[PDB]
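A.B. asks: Just dropping this structure here.
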Amino acid sequence: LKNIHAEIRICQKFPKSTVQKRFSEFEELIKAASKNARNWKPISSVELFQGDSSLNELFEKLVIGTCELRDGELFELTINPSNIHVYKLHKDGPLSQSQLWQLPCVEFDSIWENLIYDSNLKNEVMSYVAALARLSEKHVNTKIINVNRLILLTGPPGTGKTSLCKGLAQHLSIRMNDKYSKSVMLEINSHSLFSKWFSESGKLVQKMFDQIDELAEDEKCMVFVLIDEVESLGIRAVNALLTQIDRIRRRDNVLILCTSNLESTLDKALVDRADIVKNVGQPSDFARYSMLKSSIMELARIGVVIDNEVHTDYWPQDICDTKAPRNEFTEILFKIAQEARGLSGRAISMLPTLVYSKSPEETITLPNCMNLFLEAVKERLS
Amino acid sequence: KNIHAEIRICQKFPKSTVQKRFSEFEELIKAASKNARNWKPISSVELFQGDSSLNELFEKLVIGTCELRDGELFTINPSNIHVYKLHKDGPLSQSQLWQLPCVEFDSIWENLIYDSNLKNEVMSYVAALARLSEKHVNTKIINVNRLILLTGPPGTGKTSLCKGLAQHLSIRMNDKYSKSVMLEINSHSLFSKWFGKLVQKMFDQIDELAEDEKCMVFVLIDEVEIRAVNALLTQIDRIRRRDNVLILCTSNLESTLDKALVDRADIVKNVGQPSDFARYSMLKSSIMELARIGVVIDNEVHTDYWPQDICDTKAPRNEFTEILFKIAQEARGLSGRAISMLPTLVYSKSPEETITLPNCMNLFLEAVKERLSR
Ligand SMILES: Nc1ncnc2c1ncn2[C@@H]1O[C@H](COP(=O)(O)OP(=O)(O)O)[C@@H](O)[C@H]1O
């Protein structure tokens with residue numbers, strides 16, 4: 001496939017100066033890792049029969065991803081060394097000032113891979129926003145070609161729009177790391193803390209955006225602006241906000257992301273200002289299963305769910321495309337997903353800890369796990 | 001299927017010698033299990049038979065299981081059986097910091113009485129959050145906020161439940177956590193009135209304590225009900241991210257202030273109907289308020305014989321407290337809101353504008369029966 005990217009996280013103790021010098025060894029790693037890899041699914045180690053274990057001394061985690069393939073697809077390759085980016089995440093943490101995030105940070109790193117959708121939504125947003133960023137970096141005339149530098153995600157509260165914005169900025173900061181030396185993200189109104197004072201109205205919306213502006217005045221640095229619960233905000237201040245929004249988007253090295261927890265009453269002013277408006281719905285039956293399966297598999301990783309009676313093949317597998325014979329356990333779990341139609345994405349993430357409390361035993365058997373999960377679902381719906 | 005055991009040991013005896021006699025403890029707990037109450041303490045004195053040497057070591061033992069009801073009267077793991085040693089004097093103010101398990105919190109869990117099996121549900125759920133956290137479950141796959149909000153009227157002993165919960169967790173997670181510490185903020189509603197800069201400071205000290213991975217950190221914020229609030233919520237997040245911490249919150253409002261915290265909470269549990277002991281607390285609080293005002297004045301009866309706090313459910317009770325508890329039983333149906341409005345009706349019945357303690361009891365009792373009817 002023509003354009004595929006690779007993100008590689010090195011150690012802090014690994015000197016960045018030597019990276020370009022040992023760049024050849026990284027490319028060998030990527031060739032070996034691609035022999036068995038899933039799209040956008042991170043590999044943390046090169047195991048036996050997959051290549052020299054000395055390749056493990058190079059990286060902490062690598063991701064190989066493309067927008068040409070489905071979100072989970074396995075590869076079957078030609079990767080230009082310009083699309084492979086090496087990075088180290090900052091652990092500095094969020095700062096009070098409206099929270100400032102240093103990108104890429106430790107907190108955002110595992111978001112993207114764990115976001116589950118059935119509509120190829122992740123690929124669509126990723127590729128489109130990358131195009132907006134790529135164009136903007138190349139200083140496109142806004143008059144000739146219309147680039148708003150704003151993106152809007154809408155849907156119910158449980159769909160994880162914020163997580164999309166976090167993870168999206170995480171990837172873009174790495175993707176564009178050759179173009180930008182430093183990358184920051186400013187998050188506003190998380191959650192609805194800003195809105196009440198904003199409803200009361202104040203002058204400091206200007207003051208807040210003026211600081212973003214200074215950070216935007218800094219070139220070779222891209223800034224991300226996330227705005228949560230937009231309609232909780234949007235009244236003298238909403239004009240200042242929109243005016244301040246307009247000032248910010250004019251910069252080439254800036255990108256603003258909005259999320260609206262309300263559906264079907266979108267503010268006309270924001271839709272008009274958006275490059276793209278994406279609706280994120282509550283997960284479908286296939287997506288619900290995927291989340292439930294991921295929860296169980298994670299519960300098994302930490303040793304919460306252990307069962308030696310049933311083997312890996314018999315364990316619930318990926319149910320994608322109905323291309324494999326659905327195991328009864330795979331089927332029973334799917335039946336649970338059918339019972340969990342009302343539950344949101346966040347609610348499904350909440351389910352495991354409720355299941356854990358119900359279980360008497362310190363460790364849950366797989367057959368009982370299915371039974372407990374079903375009970376929690378029913379209890380959560382009531 | 002799931003049973004734990006906790007054992008308090010005298011400050012004298014070392015921790016190794018107890019480990020040597022550990023096997024004897026297992027055989028002892030099984031024997032003590034035969035005749036026992038769930039989640040109720042068994043004293044060393046209770047059984048003189050067996051070893052005086054083994055009984056010299058421990059002060060009391062508590063056997064608890066979440067599958068059984070609270071007081072029911074009816075299978076051992078060395079890990080499931082824990083061994084704790086009380087911190088004699090750990091309350092220091094700055095907000096307060098507690099070293100767990102402490103002596104003060106040690107007897108409160110057994111004195112909490114709910115009609116709704118509330119203790120077991122909360123115990124089980126918070127334990128699940130504690131275990132999941134300790135195993136470092138990925139947040140992005142399985143969402144664990146490690147923040148818990150408990151809501152109910154001022155008489156239902158919410159903050160005590162949090163204290164007793166953190167006490168038992170430090171003992172249950174004894175093997176995983178070497179040290180356990182709890183910070184209690186805003187008890188009660190004191191920090192907002194104070195004018196801050198201190199909230200950033202005290203939370204920074206928690207961060208320092210929470211830096212130790214072996215340490216277990218509890219943060220209890222009670223009476224939760226613009227710049228100071230944001231700063232408080234931000235600090236909550238930085239702690240919330242840590243794997244070794246747990247945030248316990250109590251609110252007097254059932255549902256008025258939801259947006260900020262409810263979303264952050266793993267679970268929001270309501271206490272439910274007030275128990276007999278809860279309604280007693282609300283009735284006593286009203287009478288003392290009427291006394292402070294000057295509505296209820298009695299110079300014949302001394303302060304010792306006035307209604308007192310029932311800290312121990314089986315301790316001796318004064319004649320007046322025994323009466324007020326009876327009246328609290330009389331009002332089984334009334335909600336917390338109804339009981340808090342009774343004093344107005346009580347004062348209405350009194351012709352004297354000034355009320356003695358015996359007449360205060362009679363008028364409260366009448367007011368209770370009239371509001372039940374109507
Ligand atoms: N599609 C999904 N896949 C995996 N987890 C999800 C999904 N949707 C929601 N979640 C979980 O629910 C939470 C919702 O996060 P957030 O982005 O704040 O939701 P929203 O932006 O819709 O309010 C996330 O932390 C995530 O763990």
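Chain identifiers are assigned as A, B, and so on, following the order in which chains appear in the structure tokens; residues are numbered from 1 within each chain, and ligands are numbered from 1 in order of appearance.
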Taking only C-alpha atoms into account, find every residue of chain A that has an atom no more than 6 Å from chain B, and write it out as a list in words.

C.D. replies: residues 111, 114, 302, 349, 350, 356, 357, 360 and 361 of chain A

A.B. asks: Neighbouring residues of residue 199 in chain A were defined as those with any atom within 8 Å, considering only C-alpha atoms; residues of the same chain fewer than 2 positions away were excluded. Please report them as a ChimeraX atom specification.

C.D. replies: /A:195-197,201,233,235,237

A.B. asks: In Å, how far is it from CA of residue 354 in chain B to CA of residue 294 in chain B?

C.D. replies: 7.4 Å

A.B. asks: Going by DSSP on the backbone, which residues of range 57-222 of chain B come out as helix (DSSP H, G or I)? List them as a PyMOL selection string.

C.D. replies: chain B and resi 57+118-134+158-172+190-193+198-211

A.B. asks: Limited to C-alpha atoms, could you put the picked residues into a file as an mmCIF file, in the first residue's frame?

C.D. replies:
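Okay, this is what ended up in again.cif:
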```cif
data_model
loop_
_atom_site.group_PDB
_atom_site.id
_atom_site.type_symbol
_atom_site.label_atom_id
_atom_site.label_comp_id
_atom_site.auth_asym_id
_atom_site.auth_seq_id
_atom_site.Cartn_x
_atom_site.Cartn_y
_atom_site.Cartn_z
ATOM 1 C CA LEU B 57 -1.073 -11.841 71.136
ATOM 2 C CA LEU B 118 -25.868 -0.784 52.462
ATOM 3 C CA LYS B 119 -22.530 -1.594 54.069
ATOM 4 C CA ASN B 120 -21.967 -4.795 52.087
ATOM 5 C CA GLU B 121 -22.787 -3.232 48.719
ATOM 6 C CA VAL B 122 -20.418 -0.315 49.265
ATOM 7 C CA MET B 123 -17.719 -2.561 50.727
ATOM 8 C CA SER B 124 -17.865 -4.911 47.724
ATOM 9 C CA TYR B 125 -17.824 -2.211 45.062
ATOM 10 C CA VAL B 126 -15.014 -0.122 46.537
ATOM 11 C CA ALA B 127 -12.997 -3.305 47.090
ATOM 12 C CA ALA B 128 -13.421 -4.151 43.415
ATOM 13 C CA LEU B 129 -12.105 -0.688 42.518
ATOM 14 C CA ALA B 130 -9.213 -1.182 44.928
ATOM 15 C CA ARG B 131 -8.266 -4.588 43.512
ATOM 16 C CA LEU B 132 -8.621 -3.457 39.883
ATOM 17 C CA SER B 133 -6.454 -0.418 40.608
ATOM 18 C CA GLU B 134 -3.759 -2.402 42.422
ATOM 19 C CA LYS B 158 -22.118 9.076 55.599
ATOM 20 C CA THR B 159 -18.676 10.343 56.631
ATOM 21 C CA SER B 160 -18.378 7.612 59.258
ATOM 22 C CA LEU B 161 -19.122 4.983 56.616
ATOM 23 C CA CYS B 162 -16.267 6.354 54.509
ATOM 24 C CA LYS B 163 -13.932 6.293 57.505
ATOM 25 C CA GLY B 164 -14.827 2.726 58.445
ATOM 26 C CA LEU B 165 -14.514 1.729 54.804
ATOM 27 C CA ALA B 166 -11.007 3.136 54.434
ATOM 28 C CA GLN B 167 -10.026 1.457 57.701
ATOM 29 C CA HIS B 168 -11.067 -2.000 56.522
ATOM 30 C CA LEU B 169 -9.546 -1.479 53.068
ATOM 31 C CA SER B 170 -6.136 -0.736 54.572
ATOM 32 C CA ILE B 171 -6.412 -4.063 56.404
ATOM 33 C CA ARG B 172 -7.732 -6.024 53.412
ATOM 34 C CA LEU B 190 -15.207 25.053 56.843
ATOM 35 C CA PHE B 191 -12.865 25.839 53.928
ATOM 36 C CA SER B 192 -15.197 27.891 51.727
ATOM 37 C CA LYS B 193 -16.084 30.246 54.585
ATOM 38 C CA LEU B 198 -3.733 26.148 50.910
ATOM 39 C CA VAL B 199 -5.739 23.652 48.849
ATOM 40 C CA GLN B 200 -2.955 23.505 46.274
ATOM 41 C CA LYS B 201 -0.442 23.026 49.085
ATOM 42 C CA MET B 202 -2.209 20.237 50.977
ATOM 43 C CA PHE B 203 -2.907 18.389 47.730
ATOM 44 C CA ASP B 204 0.788 18.709 46.877
ATOM 45 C CA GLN B 205 1.631 16.948 50.139
ATOM 46 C CA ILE B 206 -0.766 14.138 49.224
ATOM 47 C CA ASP B 207 1.043 13.845 45.896
ATOM 48 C CA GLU B 208 4.303 13.460 47.826
ATOM 49 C CA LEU B 209 2.771 10.730 49.980
ATOM 50 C CA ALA B 210 1.145 9.156 46.922
ATOM 51 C CA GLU B 211 4.537 9.031 45.196
#
```

A.B. asks: Kindly assemble as JSON lines a list of the chain A residues that lie within 10 Å of ligand 1, each paired with its nearest atom pair and their distance in Å to one decimal, using only C-alpha atoms and all ligand atoms, sorted first by chain and then by ascending residue number.

C.D. replies:
```
{"residue": "A:111", "atom": "CA", "partner": "ligand 1", "partner_atom_place_in_ligand_line": "27 (O)", "distance": 8.1}
{"residue": "A:112", "atom": "CA", "partner": "ligand 1", "partner_atom_place_in_ligand_line": "4 (C)", "distance": 8.8}
{"residue": "A:113", "atom": "CA", "partner": "ligand 1", "partner_atom_place_in_ligand_line": "4 (C)", "distance": 8.8}
{"residue": "A:114", "atom": "CA", "partner": "ligand 1", "partner_atom_place_in_ligand_line": "4 (C)", "distance": 5.5}
{"residue": "A:115", "atom": "CA", "partner": "ligand 1", "partner_atom_place_in_ligand_line": "3 (N)", "distance": 3.7}
{"residue": "A:116", "atom": "CA", "partner": "ligand 1", "partner_atom_place_in_ligand_line": "3 (N)", "distance": 3.8}
{"residue": "A:117", "atom": "CA", "partner": "ligand 1", "partner_atom_place_in_ligand_line": "1 (N)", "distance": 5.2}
{"residue": "A:118", "atom": "CA", "partner": "ligand 1", "partner_atom_place_in_ligand_line": "1 (N)", "distance": 8.7}
{"residue": "A:121", "atom": "CA", "partner": "ligand 1", "partner_atom_place_in_ligand_line": "1 (N)", "distance": 9.9}
{"residue": "A:122", "atom": "CA", "partner": "ligand 1", "partner_atom_place_in_ligand_line": "1 (N)", "distance": 9.7}
{"residue": "A:153", "atom": "CA", "partner": "ligand 1", "partner_atom_place_in_ligand_line": "21 (O)", "distance": 8.7}
{"residue": "A:154", "atom": "CA", "partner": "ligand 1", "partner_atom_place_in_ligand_line": "22 (O)", "distance": 8.2}
{"residue": "A:155", "atom": "CA", "partner": "ligand 1", "partner_atom_place_in_ligand_line": "22 (O)", "distance": 7.1}
{"residue": "A:156", "atom": "CA", "partner": "ligand 1", "partner_atom_place_in_ligand_line": "22 (O)", "distance": 6.2}
{"residue": "A:157", "atom": "CA", "partner": "ligand 1", "partner_atom_place_in_ligand_line": "22 (O)", "distance": 3.9}
{"residue": "A:158", "atom": "CA", "partner": "ligand 1", "partner_atom_place_in_ligand_line": "22 (O)", "distance": 4.4}
{"residue": "A:159", "atom": "CA", "partner": "ligand 1", "partner_atom_place_in_ligand_line": "8 (N)", "distance": 4.1}
{"residue": "A:160", "atom": "CA", "partner": "ligand 1", "partner_atom_place_in_ligand_line": "17 (O)", "distance": 3.1}
{"residue": "A:161", "atom": "CA", "partner": "ligand 1", "partner_atom_place_in_ligand_line": "21 (O)", "distance": 3.6}
{"residue": "A:162", "atom": "CA", "partner": "ligand 1", "partner_atom_place_in_ligand_line": "17 (O)", "distance": 3.4}
{"residue": "A:163", "atom": "CA", "partner": "ligand 1", "partner_atom_place_in_ligand_line": "17 (O)", "distance": 3.8}
{"residue": "A:164", "atom": "CA", "partner": "ligand 1", "partner_atom_place_in_ligand_line": "17 (O)", "distance": 6.4}
{"residue": "A:165", "atom": "CA", "partner": "ligand 1", "partner_atom_place_in_ligand_line": "17 (O)", "distance": 7.8}
{"residue": "A:166", "atom": "CA", "partner": "ligand 1", "partner_atom_place_in_ligand_line": "17 (O)", "distance": 8.2}
{"residue": "A:167", "atom": "CA", "partner": "ligand 1", "partner_atom_place_in_ligand_line": "17 (O)", "distance": 9.8}
{"residue": "A:190", "atom": "CA", "partner": "ligand 1", "partner_atom_place_in_ligand_line": "18 (O)", "distance": 8.9}
{"residue": "A:191", "atom": "CA", "partner": "ligand 1", "partner_atom_place_in_ligand_line": "18 (O)", "distance": 8.8}
{"residue": "A:228", "atom": "CA", "partner": "ligand 1", "partner_atom_place_in_ligand_line": "21 (O)", "distance": 7.5}
{"residue": "A:229", "atom": "CA", "partner": "ligand 1", "partner_atom_place_in_ligand_line": "23 (O)", "distance": 8.0}
{"residue": "A:258", "atom": "CA", "partner": "ligand 1", "partner_atom_place_in_ligand_line": "21 (O)", "distance": 9.8}
{"residue": "A:259", "atom": "CA", "partner": "ligand 1", "partner_atom_place_in_ligand_line": "21 (O)", "distance": 6.7}
{"residue": "A:260", "atom": "CA", "partner": "ligand 1", "partner_atom_place_in_ligand_line": "21 (O)", "distance": 8.0}
{"residue": "A:261", "atom": "CA", "partner": "ligand 1", "partner_atom_place_in_ligand_line": "23 (O)", "distance": 6.3}
{"residue": "A:262", "atom": "CA", "partner": "ligand 1", "partner_atom_place_in_ligand_line": "22 (O)", "distance": 9.8}
{"residue": "A:280", "atom": "CA", "partner": "ligand 1", "partner_atom_place_in_ligand_line": "22 (O)", "distance": 8.3}
{"residue": "A:281", "atom": "CA", "partner": "ligand 1", "partner_atom_place_in_ligand_line": "1 (N)", "distance": 9.0}
{"residue": "A:282", "atom": "CA", "partner": "ligand 1", "partner_atom_place_in_ligand_line": "8 (N)", "distance": 7.9}
{"residue": "A:283", "atom": "CA", "partner": "ligand 1", "partner_atom_place_in_ligand_line": "1 (N)", "distance": 6.5}
{"residue": "A:284", "atom": "CA", "partner": "ligand 1", "partner_atom_place_in_ligand_line": "1 (N)", "distance": 9.8}
{"residue": "A:287", "atom": "CA", "partner": "ligand 1", "partner_atom_place_in_ligand_line": "1 (N)", "distance": 7.6}
{"residue": "A:288", "atom": "CA", "partner": "ligand 1", "partner_atom_place_in_ligand_line": "1 (N)", "distance": 8.7}
{"residue": "A:290", "atom": "CA", "partner": "ligand 1", "partner_atom_place_in_ligand_line": "3 (N)", "distance": 8.6}
{"residue": "A:291", "atom": "CA", "partner": "ligand 1", "partner_atom_place_in_ligand_line": "4 (C)", "distance": 6.4}
{"residue": "A:292", "atom": "CA", "partner": "ligand 1", "partner_atom_place_in_ligand_line": "4 (C)", "distance": 9.8}
{"residue": "A:294", "atom": "CA", "partner": "ligand 1", "partner_atom_place_in_ligand_line": "4 (C)", "distance": 9.0}
{"residue": "A:295", "atom": "CA", "partner": "ligand 1", "partner_atom_place_in_ligand_line": "4 (C)", "distance": 9.8}
{"residue": "A:344", "atom": "CA", "partner": "ligand 1", "partner_atom_place_in_ligand_line": "9 (C)", "distance": 7.3}
{"residue": "A:345", "atom": "CA", "partner": "ligand 1", "partner_atom_place_in_ligand_line": "9 (C)", "distance": 4.0}
{"residue": "A:346", "atom": "CA", "partner": "ligand 1", "partner_atom_place_in_ligand_line": "12 (O)", "distance": 3.2}
{"residue": "A:347", "atom": "CA", "partner": "ligand 1", "partner_atom_place_in_ligand_line": "12 (O)", "distance": 6.9}
{"residue": "A:348", "atom": "CA", "partner": "ligand 1", "partner_atom_place_in_ligand_line": "11 (C)", "distance": 7.5}
{"residue": "A:349", "atom": "CA", "partner": "ligand 1", "partner_atom_place_in_ligand_line": "11 (C)", "distance": 5.6}
{"residue": "A:350", "atom": "CA", "partner": "ligand 1", "partner_atom_place_in_ligand_line": "12 (O)", "distance": 8.2}
```

A.B. asks: Please indicate the distance in Å from CA of residue 90 in chain B to CA of residue 244 in chain B, rounded to one decimal place.

C.D. replies: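 So the answer is 20.4 Å.
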
A.B. asks: Which of these residues is nearest to residue 289 in chain A, using only C-alpha atoms: A:215, A:150, A:332, A:63?

C.D. replies: A:332

A.B. asks: Excluding residue 330 in chain B and residues on its chain fewer than 2 positions from it, collect all residues at most 12 Å away from it, counting only C-alpha atoms, and give them as number ranges by chain.

C.D. replies: B: 275-276, 279-280, 283, 323-328, 332-334, 339, 364-372

A.B. asks: May I have the selected residues written with N, CA, C and O atoms, as an mmCIF file, in the first residue's frame?

C.D. replies:
```cif
data_model
loop_
_atom_site.group_PDB
_atom_site.id
_atom_site.type_symbol
_atom_site.label_atom_id
_atom_site.label_comp_id
_atom_site.auth_asym_id
_atom_site.auth_seq_id
_atom_site.Cartn_x
_atom_site.Cartn_y
_atom_site.Cartn_z
ATOM 1 N N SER B 275 -32.289 4.815 59.114
ATOM 2 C CA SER B 275 -32.504 3.793 60.131
ATOM 3 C C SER B 275 -33.034 4.418 61.411
ATOM 4 O O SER B 275 -33.258 5.627 61.472
ATOM 5 N N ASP B 276 -33.230 3.588 62.432
ATOM 6 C CA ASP B 276 -33.670 4.065 63.737
ATOM 7 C C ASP B 276 -32.603 4.955 64.366
ATOM 8 O O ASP B 276 -32.912 5.970 64.989
ATOM 9 N N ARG B 279 -32.556 8.369 62.533
ATOM 10 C CA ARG B 279 -33.660 9.247 62.898
ATOM 11 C C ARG B 279 -33.467 9.777 64.308
ATOM 12 O O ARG B 279 -33.885 10.894 64.622
ATOM 13 N N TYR B 280 -32.826 8.977 65.153
ATOM 14 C CA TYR B 280 -32.477 9.433 66.489
ATOM 15 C C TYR B 280 -31.529 10.623 66.402
ATOM 16 O O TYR B 280 -31.691 11.616 67.114
ATOM 17 N N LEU B 283 -33.369 13.737 65.294
ATOM 18 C CA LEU B 283 -34.249 14.229 66.345
ATOM 19 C C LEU B 283 -33.465 14.898 67.465
ATOM 20 O O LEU B 283 -33.912 15.891 68.039
ATOM 21 N N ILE B 323 -35.739 7.383 75.857
ATOM 22 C CA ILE B 323 -37.047 7.896 75.464
ATOM 23 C C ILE B 323 -37.018 8.410 74.033
ATOM 24 O O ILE B 323 -37.881 8.075 73.220
ATOM 25 N N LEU B 324 -36.013 9.230 73.736
ATOM 26 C CA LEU B 324 -35.878 9.848 72.426
ATOM 27 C C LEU B 324 -35.652 8.801 71.346
ATOM 28 O O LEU B 324 -36.077 8.970 70.201
ATOM 29 N N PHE B 325 -34.980 7.718 71.717
ATOM 30 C CA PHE B 325 -34.763 6.607 70.800
ATOM 31 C C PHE B 325 -36.077 5.886 70.526
ATOM 32 O O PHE B 325 -36.306 5.387 69.424
ATOM 33 N N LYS B 326 -36.934 5.829 71.539
ATOM 34 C CA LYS B 326 -38.246 5.218 71.389
ATOM 35 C C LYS B 326 -39.083 6.046 70.424
ATOM 36 O O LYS B 326 -39.716 5.503 69.518
ATOM 37 N N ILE B 327 -39.065 7.362 70.613
ATOM 38 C CA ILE B 327 -39.745 8.290 69.712
ATOM 39 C C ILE B 327 -39.170 8.214 68.294
ATOM 40 O O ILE B 327 -39.887 8.396 67.304
ATOM 41 N N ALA B 328 -37.872 7.945 68.200
ATOM 42 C CA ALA B 328 -37.228 7.780 66.905
ATOM 43 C C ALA B 328 -37.705 6.496 66.241
ATOM 44 O O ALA B 328 -37.773 6.406 65.018
ATOM 45 N N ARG B 332 -40.937 5.658 62.229
ATOM 46 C CA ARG B 332 -40.277 4.797 61.248
ATOM 47 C C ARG B 332 -40.596 5.183 59.810
ATOM 48 O O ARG B 332 -39.764 5.016 58.919
ATOM 49 N N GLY B 333 -41.798 5.703 59.591
ATOM 50 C CA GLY B 333 -42.248 6.013 58.248
ATOM 51 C C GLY B 333 -41.734 7.323 57.684
ATOM 52 O O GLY B 333 -41.443 7.414 56.491
ATOM 53 N N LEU B 334 -41.619 8.337 58.538
ATOM 54 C CA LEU B 334 -41.250 9.687 58.103
ATOM 55 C C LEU B 334 -39.865 9.772 57.466
ATOM 56 O O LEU B 334 -38.914 9.142 57.930
ATOM 57 N N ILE B 339 -38.816 14.904 59.273
ATOM 58 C CA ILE B 339 -38.326 14.972 60.643
ATOM 59 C C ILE B 339 -37.651 16.313 60.921
ATOM 60 O O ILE B 339 -37.714 16.836 62.036
ATOM 61 N N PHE B 364 -42.785 16.332 70.797
ATOM 62 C CA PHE B 364 -42.142 15.715 69.645
ATOM 63 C C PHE B 364 -42.853 14.422 69.280
ATOM 64 O O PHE B 364 -43.067 14.129 68.105
ATOM 65 N N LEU B 365 -43.226 13.658 70.299
ATOM 66 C CA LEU B 365 -43.931 12.400 70.102
ATOM 67 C C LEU B 365 -45.305 12.620 69.472
ATOM 68 O O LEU B 365 -45.707 11.881 68.573
ATOM 69 N N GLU B 366 -46.020 13.633 69.950
ATOM 70 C CA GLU B 366 -47.316 13.993 69.380
ATOM 71 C C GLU B 366 -47.171 14.468 67.941
ATOM 72 O O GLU B 366 -47.961 14.097 67.072
ATOM 73 N N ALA B 367 -46.160 15.295 67.699
ATOM 74 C CA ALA B 367 -45.910 15.826 66.368
ATOM 75 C C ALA B 367 -45.575 14.703 65.393
ATOM 76 O O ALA B 367 -45.939 14.756 64.218
ATOM 77 N N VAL B 368 -44.875 13.687 65.887
ATOM 78 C CA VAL B 368 -44.530 12.529 65.074
ATOM 79 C C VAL B 368 -45.788 11.780 64.648
ATOM 80 O O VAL B 368 -45.966 11.462 63.473
ATOM 81 N N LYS B 369 -46.670 11.521 65.606
ATOM 82 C CA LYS B 369 -47.875 10.750 65.341
ATOM 83 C C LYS B 369 -48.858 11.511 64.455
ATOM 84 O O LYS B 369 -49.614 10.905 63.698
ATOM 85 N N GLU B 370 -48.842 12.836 64.540
ATOM 86 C CA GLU B 370 -49.773 13.640 63.758
ATOM 87 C C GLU B 370 -49.331 13.746 62.304
ATOM 88 O O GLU B 370 -50.161 13.814 61.394
ATOM 89 N N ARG B 371 -48.021 13.761 62.088
ATOM 90 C CA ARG B 371 -47.482 13.891 60.742
ATOM 91 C C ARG B 371 -47.505 12.550 60.008
ATOM 92 O O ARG B 371 -47.567 12.509 58.782
ATOM 93 N N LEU B 372 -47.457 11.456 60.764
ATOM 94 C CA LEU B 372 -47.619 10.121 60.188
ATOM 95 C C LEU B 372 -49.035 9.953 59.658
ATOM 96 O O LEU B 372 -49.247 9.461 58.549
#
```

A.B. asks: Which of these, A:84, A:43, A:271, A:204, has the shortest distance to residue 66 in chain A once you count only C-alpha atoms?

C.D. replies: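 Among the listed residues, the smallest separation from residue 66 in chain A belongs to A:84.
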
A.B. asks: Can you measure CA of residue 213 in chain A to CA of residue 249 in chain A for me? One decimal in Å is fine.

C.D. replies: 9.9 Å

A.B. asks: Pick out the residues sitting within 12 Å of residue 3 in chain A, and hand them over as a list in words; count only C-alpha atoms, and ignore anything fewer than 3 positions along from it in its own chain.

C.D. replies: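 In the requested format, the answer is residues 6, 64, 65, 66, 67, 68, 69, 77, 78, 79, 80, 81, 82, 83, 84 and 127 of chain A.
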
A.B. asks: Could you write out that same residue set with N, CA and C atoms as a CSV table (one decimal), in the first residue's frame?

C.D. replies:
```csv
chain,number,residue,atom,x,y,z
A,6,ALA,N,4.5,4.8,10.5
A,6,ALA,CA,4.9,4.1,11.7
A,6,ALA,C,5.4,5.1,12.8
A,64,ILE,N,2.0,0.7,13.6
A,64,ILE,CA,2.0,0.8,12.2
A,64,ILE,C,0.5,0.9,11.7
A,65,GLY,N,0.2,2.0,11.0
A,65,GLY,CA,-1.1,2.3,10.7
A,65,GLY,C,-1.3,3.0,9.3
A,66,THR,N,-2.4,2.7,8.7
A,66,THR,CA,-2.8,3.4,7.4
A,66,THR,C,-4.3,3.6,7.4
A,67,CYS,N,-4.7,4.6,6.6
A,67,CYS,CA,-6.1,4.9,6.4
A,67,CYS,C,-6.7,4.1,5.2
A,68,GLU,N,-5.9,3.4,4.5
A,68,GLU,CA,-6.3,2.6,3.4
A,68,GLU,C,-6.9,1.3,3.8
A,69,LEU,N,-6.5,0.8,5.0
A,69,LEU,CA,-7.0,-0.5,5.5
A,69,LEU,C,-8.0,-0.3,6.6
A,77,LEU,N,5.9,-5.2,1.6
A,77,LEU,CA,5.5,-3.9,2.1
A,77,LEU,C,6.5,-2.9,1.8
A,78,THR,N,6.1,-1.6,1.5
A,78,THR,CA,7.1,-0.6,1.2
A,78,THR,C,6.8,0.7,2.0
A,79,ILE,N,7.6,0.9,3.0
A,79,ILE,CA,7.4,2.1,3.9
A,79,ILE,C,8.6,3.1,3.7
A,80,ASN,N,8.2,4.2,3.1
A,80,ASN,CA,9.2,5.3,2.9
A,80,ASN,C,9.6,5.9,4.3
A,81,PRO,N,10.9,5.9,4.5
A,81,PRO,CA,11.5,6.4,5.8
A,81,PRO,C,11.1,7.8,6.2
A,82,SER,N,10.3,8.5,5.4
A,82,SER,CA,9.8,9.8,5.7
A,82,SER,C,8.5,9.8,6.5
A,83,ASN,N,7.8,8.6,6.5
A,83,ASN,CA,6.5,8.5,7.2
A,83,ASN,C,6.7,7.8,8.5
A,84,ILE,N,7.9,7.5,8.9
A,84,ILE,CA,8.1,6.8,10.2
A,84,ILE,C,8.7,7.8,11.2
A,127,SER,N,-7.7,10.8,8.7
A,127,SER,CA,-7.2,11.2,7.4
A,127,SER,C,-7.6,12.6,7.0
```

A.B. asks: Using only C-alpha atoms, which residues sit within 10 Å of range 25-27 of chain B once same-chain residues fewer than 5 positions away are excluded, as a PyMOL selection string?

C.D. replies: chain B and resi 5+7+18-20+32-33+54-55+58+76-78+81

A.B. asks: Tell me, as a JSON list (two decimals) with C-alpha atoms, in the first residue's frame, which residues lie within 9 Å of residue 91 in chain A, counting only C-alpha atoms; anything in the same chain fewer than 3 positions away does not count.

C.D. replies:
```json
[["chain", "number", "residue", "atom", "x", "y", "z"],
["A", 94, "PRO", "CA", -1.32, 18.90, 32.72],
["A", 102, "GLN", "CA", 2.29, 18.76, 26.35],
["A", 104, "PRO", "CA", 2.56, 13.69, 23.10],
["A", 105, "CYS", "CA", 1.85, 12.95, 26.78],
["A", 106, "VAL", "CA", 1.63, 9.77, 28.85],
["A", 107, "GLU", "CA", -2.09, 10.23, 29.43]]
```
